[PDB]
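In this document, chain identifiers A, B, C, D, E, F, G, H, I, J, K, L, M and N correspond to the written order of the chains, with residue numbering beginning at 1 in each.
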Amino acid sequence: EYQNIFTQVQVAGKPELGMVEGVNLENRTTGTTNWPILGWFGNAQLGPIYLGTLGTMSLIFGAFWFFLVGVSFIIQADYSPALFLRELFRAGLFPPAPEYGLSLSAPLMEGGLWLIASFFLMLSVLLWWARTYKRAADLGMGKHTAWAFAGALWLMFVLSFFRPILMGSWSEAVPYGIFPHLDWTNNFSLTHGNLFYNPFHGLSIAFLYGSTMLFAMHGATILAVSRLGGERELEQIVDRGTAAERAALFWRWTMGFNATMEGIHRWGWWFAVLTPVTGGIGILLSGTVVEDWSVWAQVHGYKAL
Amino acid sequence: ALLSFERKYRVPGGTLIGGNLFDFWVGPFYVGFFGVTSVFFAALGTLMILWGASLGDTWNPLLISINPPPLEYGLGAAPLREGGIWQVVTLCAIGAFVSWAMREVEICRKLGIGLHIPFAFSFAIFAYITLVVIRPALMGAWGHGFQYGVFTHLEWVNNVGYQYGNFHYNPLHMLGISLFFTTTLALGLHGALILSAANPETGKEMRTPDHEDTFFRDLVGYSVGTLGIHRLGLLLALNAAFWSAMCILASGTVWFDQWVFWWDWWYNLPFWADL
Amino acid sequence: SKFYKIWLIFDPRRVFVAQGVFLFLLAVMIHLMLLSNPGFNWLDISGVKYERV
Amino acid sequence: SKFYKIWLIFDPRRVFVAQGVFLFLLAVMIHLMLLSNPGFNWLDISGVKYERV
Amino acid sequence: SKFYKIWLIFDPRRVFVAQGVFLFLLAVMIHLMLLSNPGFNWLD
Amino acid sequence: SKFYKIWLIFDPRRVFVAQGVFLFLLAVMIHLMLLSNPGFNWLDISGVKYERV
Amino acid sequence: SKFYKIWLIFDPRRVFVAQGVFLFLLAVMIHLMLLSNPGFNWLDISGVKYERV
Amino acid sequence: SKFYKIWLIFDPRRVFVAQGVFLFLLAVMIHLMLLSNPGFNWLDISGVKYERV
Amino acid sequence: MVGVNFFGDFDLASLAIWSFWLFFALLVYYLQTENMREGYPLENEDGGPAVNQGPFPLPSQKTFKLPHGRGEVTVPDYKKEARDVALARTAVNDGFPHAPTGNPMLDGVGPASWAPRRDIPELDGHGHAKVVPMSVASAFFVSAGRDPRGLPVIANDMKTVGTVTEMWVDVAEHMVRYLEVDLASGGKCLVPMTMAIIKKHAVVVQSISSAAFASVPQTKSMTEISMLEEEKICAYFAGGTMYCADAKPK
Amino acid sequence: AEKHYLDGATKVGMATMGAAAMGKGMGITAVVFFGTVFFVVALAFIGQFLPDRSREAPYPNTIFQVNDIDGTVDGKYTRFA
Amino acid sequence: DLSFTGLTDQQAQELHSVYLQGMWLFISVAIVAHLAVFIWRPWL
Amino acid sequence: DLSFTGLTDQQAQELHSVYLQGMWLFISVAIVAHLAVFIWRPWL
Amino acid sequence: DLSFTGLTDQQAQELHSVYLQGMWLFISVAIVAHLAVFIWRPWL
Amino acid sequence: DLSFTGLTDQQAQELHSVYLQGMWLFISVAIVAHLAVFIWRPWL
């Protein structure tokens, strides 16, 4: 039986340039390419993109942050292109040391460049957030994507903005290296007792696992009912066919309750969004409220002794 | 109590083992042959968990833990209070998980639809079986399985992680984390896009699937498409499961030092070895 | 009184199944609570009383 | 009494399936509980009784 | 006595297959319960 | 007074189910609270009272 | 004075369920507040008052 | 004055529910702030004032 | 706020976690009730209302506006299914299968069940028919993979029922959705691409017998297809996966 | 014959049918069970050929003295260590 | 004469009477058990 | 006659009177409880 | 005449009679087993 | 009559007699096995 995992025969007509629903067309590029290796899995069209004020500004600020991280790597390699490549994952642009507190007076190669890059990184993610909002607004769509992105941004900002301010030191923000930010994560768990005994870290993991499991379930369900017009999820929300019914009856017979075509996406939205929302809460409480989650768990009756 | 469209789908057929012997529903739940076996396995495992809890000193459901046998029993069957209850529950868990998948197969056969759901759940089952069977068999002791408890199995995760230094430096672990993070991001974006199209700005007609192609093409330049997003989410989650299982399988069987030292192949490449 | 009119409200099949499940779980929990307490664990008490039964 | 009217309420096929499941599960549980107690584990009791059976 | 009437409610073919399955599973429970006890394992 | 008209507003089936569940859960919570407190745990109290019952 | 007309805008079912849930949760939290304070925990206070009740 | 026209712009159901929630949360946080400060914690203050009440 | 606790060991952390549990119970209530907009109220096995309806009450009615002058849709609708189903219960109790009273595939029951959708074509964002034969699209062309047109089509018994003569594509999402089969029976037939495997020699359909191909639900027109016709065709093949499985080899 | 037996033979056809069916059920169960046991035994055998440091990992579970059901209150599996 | 379950008033009465006999038998067995347990190991 | 809820005006009147009776009963019982608690252990 | 299962009163009586014979046989065997076990190793 | 399986009364009796023959054969072989094990390694 055909498993709808890969397309068998690809087809292509005139390239699709998008819906016009209040988008400024002069900010939308005009060139599309049609790349058939992608058409085995999904769409083949590498479509146009929209480039307006917010996107341009976000790209400029983010690219400058990226550039500044790179330049710091070059300088700490003592200019060597060999060390630069050998340490592309092991090097990091680190925040100022604890003695500088939250002041903006730390040497340029000991946190100052970290501060400047961090400022421009902050600017670009917020501008990208505004972009996600405004692209929905220009098409007349709801704002669910921007809200979901706000949750992930909330974890990001508690990581490097909110919590270091509440702790009184930039030195607790995460550095900009591939391996050093993993080292940062490990150190963070090690200094706050053990982050497994942080209930919001537990809840964040539950929502991460659940969102992975949920989208295994949902992708498998839609693929299983693809024989019927299944993946046309919109228009099954407003005109229920057998794909939606059989999808509902599978899960009802299996676990005793089911979702609807529209409502499974609310479950997934909330499970995905709750992972960084709950995670940010648990990091924010670490150090500020609880210093040692292990003894806190012992006091609150979920760690023995 | 049937859904208002359910009746026309409640027909005989689709079973694998026992014909019409178990081909009936109990409330919402289809039973079938593997519903009988999954109920029995689940009940016996739960009930042995409760019995093992009774032999301890706490009834707190966050402190109850059933522990695997000590290493000195190797791969033998342990005395029932010295790890044997763990083995009974583990065998019951495998029985129930496998029965659950086979029951899912029968439901798919009755509602003639693809078998993707039991396949994906089998990937989850494989991760579990790697954790409690495959890895401890290669290491030669059931006691390398993880203790059963809401917060004590996290002690297992901690101890095994810190056996190999910082477990972050495990390339398969890195790959698995990226797949978990990415599938969560993809679920967020897919749910958001569907909800945005179905729930427009106030007073506007419902959006089309063209509008959502247009939304991602405007935002990132690419749209995978309606069929593509489900294929993508399915394979992302399945790969996360599989590469996590490979991550843990490699640790203690073929790799034994701190995982950080694995990257010494790159850091000790002879041209920049000494720099 | 005239509690029979509960059967005008609830279906007997659902109520009997629910009652059976409830009673089974309650009886199991009470016995397990007794057995976990070494003041009402009858197996060990009989071991003590009969000098290892 | 006239308890036979249970069969006007509950169908015998499903009742017999559920009854068999429950009864076998209860028997297995009780035997397991007895095996875990070192006063009612008959294999070890016989081991002691005959000097290693 | 009248226990033969069980075959009026449960089809004998299916019961025979299911009973084979059940009997083998009961046998494996008992054998490896025995293996769990040191004094009754026969491998060594 | 004339509270009965609540049954003109709330469906009896849901209300009775919720009341039964809530009352059982509340009774269980209170009993567990008393057992958790070593001044009202009646099993150990009886054990002390009868000198190892 | 004429607060009744609110029932013309707010559906009584949702209002009554919300009030019941809120009142129960508030009462539960006040009692737990008092129990967690060792000046208002009536179980331990009575234990002290009656010489281990 | 003439503020009633706000009820022509803001739906009273949403405004009333939101305002109730906000007032309740504000009151709860103010009480919790007072309880957390050991100068306005009335339970402990009364314990001290009456010699363990 | 370290070590400073409300209530005697109740923290800002304890407060946060209890607050989350309260919010999450409310969100579960919201999510469950949102997911009850289809299929309720529950019925009994004779088409009448069920005695039990569950702990969750139904949500308030919500309306969708449909583009291209296709009215409004309000859910939950409280309406019962708008088709008759030729089944008959096999037991007086509940929880047992209902048996087909005639041909399950022709009647449209079980895995061959179709839902009564609107007898109009699904539309793309510009108001045109969304799924059309390539003779109509006329700017579509095969881009990769092997073209099935002209290949023989082989049923689930190894017998050839005809040849692929046309593809029906989705003009919005650039995809082939149906294969038009010219039958040696004497007529034409649409086969869902999700139910066909294209190979070098033939397209093999392992869900439908050769005798079943003589009666595939037809379309009114050969330039567009309604959602009702789509449901019937796809349901016919998915039901064949049960009601034709004995025709397979061995 | 709209019955899997009609004439039945009442003692021999029925007996052969029942033996075939029960033997089929038992035989498939035996095949599955012995395949699983063989897979586990093969994994143990293979693990015997892994490097010796595959047997150096310490016991990864924490015994909390409130879950210790061995018989003695010590926080460990007694009679070993 | 309407009901949610479709049972008539008479049917509910006989149903309830049989159910009450069953409940009373269960309760009387439980009572005898509690007297035995209290004589053996008093918990109050 | 705006009725978000479908109640008539007099239905709202009776509903409000019943609700007020229940509220006053609850509050009176709570008042008595607070006086008893204040005598037993004063908290101001 | 209340019948959910579809049986008549006579078929229910006959079914119950056979069921009771089965139950009594099972319980008799269990009683014998418990008496033997109590003699071998008493638990009260 | 009460026939879920579609058998007749007479078919059920014959198949029950065959089933009983098979079951007593199985039990007798099991008894021989248990006597052998008990002689070898008695568990009571």
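Assorted remarks:
Note that in this section a residue touches a chain if its C-beta (ideal position, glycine included) is under 8 Å from a C-beta of that chain, and two chains touch if they have at least 3 such contacts.
Legend: contact pairs of C-M compared by residue number with D-M, H-L or D-K; the interface matching in over half of them is H-L. With centres computed from Cα atoms alone, the innermost chain of the structure is B.
The most distant chain from subunit C, with centres taken as the mean of CA atoms, is A.
Distance between subunit C and subunit J, defined via averaged C-alpha coordinates, is recorded as 32 Å.
For this pair, subunit D with subunit H, the centres built from the Cα atoms lie 58 Å apart. For this pair, subunit I with subunit N, the centres built from the Cα atoms lie 49 Å apart. Between the CA-based centres of subunit F and subunit L the separation comes to 25 Å, rounded to the whole angstrom. Residues of subunit K in contact with at least two other chains: 4-5, 7, 11, 15, 41, 43.
The multi-chain contact residues of subunit B, meaning those touching 2 or more other chains, are 3, 5-6, 9, 24-27, 47, 51, 55-56, 58, 63, 80-81, 84-85, 111-113, 155, 198, 204, 206, 208-211, 213, 225-227.
Shared contact sites, meaning residues of subunit E that touch two or more other chains, fall at 3, 5, 9-13, 17-18, 21, 37, 40. If you check the complex, the residues on subunit K that touch subunit I are 4-6. The part of subunit B that touches subunit E in the complex is made up of residues 17-21, 33, 76-80, 84.
For subunit B in complex with subunit J, the touching residues are 52, 55-58, 63-72, 75, 81-83, 85, 133-134, 137-140, 143-144, 146-147, 149, 152, 155-156, 159-160, 163, 252-254, 256. Interface residues of subunit B facing subunit I in the complex, by the touch rule stated above, are 1-14, 23-27, 109-113, 198, 204-206, 208-211, 213, 225-227. Subunit J makes touch with subunit B in their complex at residues 40, 43-44, 46-48, 50-51, 53-64, 66-71, 77, 80.
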